[PDB]
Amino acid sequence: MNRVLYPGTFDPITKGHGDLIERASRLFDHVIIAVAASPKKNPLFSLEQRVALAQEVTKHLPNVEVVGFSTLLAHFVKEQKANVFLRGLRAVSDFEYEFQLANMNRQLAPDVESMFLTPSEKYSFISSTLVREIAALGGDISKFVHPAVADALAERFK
């Protein structure tokens, strides 16, 4: 059996992440979305909000579950007994921080594989930072994110 763990800040989750999750839920028996606290990033949404938004966006996929965590990813992946890390690779960078992330996690969790997917072309170039900045200036982001996310961002900047 394969259990893949998709770790990220998801602030917020976008159509880019969702495409990747869609594809991964058809490949693997179990997909865990691991939302990291990432306090250093000063996230726009709270961990609970990010987990909840990610849950809403994935509610239709039976083998996908969402959980938040504040610990070391290499510890958390053993705790989840997942044998595969999922990360998305868009163009291009980083990427190289992803190569660096994978090689450092290989030392800390040797039995976990690091694997990459690339999003549909249509949802590449979608970045959570840019979704946030467009929303904060009142731009329409409905083509970059799910409607609950769009609503959450709109209400957030009021």
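Don't overthink the numbering: it's just position in the shown sequence, from 1.
*Asks:* When the C-alpha temperature factors are averaged for each of 119-127 and 63-71, which stretch ends up with the higher value in the entry?
*Replies:* Looking at the record's C-alpha B-factors, the answer is 119-127.
*Asks:* Select between 45-53 and 99-107 the stretch whose C-alpha atoms have the higher average B-factor in the entry.
*Replies:* Comparing 45-53 with 99-107, the higher average CA B-factor belongs to 99-107.
*Asks:* Per the coordinate record, which of the options 32, 91, 112, 37 holds the highest CA temperature factor?
*Replies:* Comparing C-alpha B-factors across 32, 91, 112, 37, the top value belongs to 91.
*Asks:* Can you work out whether the C-alpha temperature factor of residue 17 puts it in the lowest, middle or highest third of the chain?
*Replies:* Bottom third by C-alpha B-factor.
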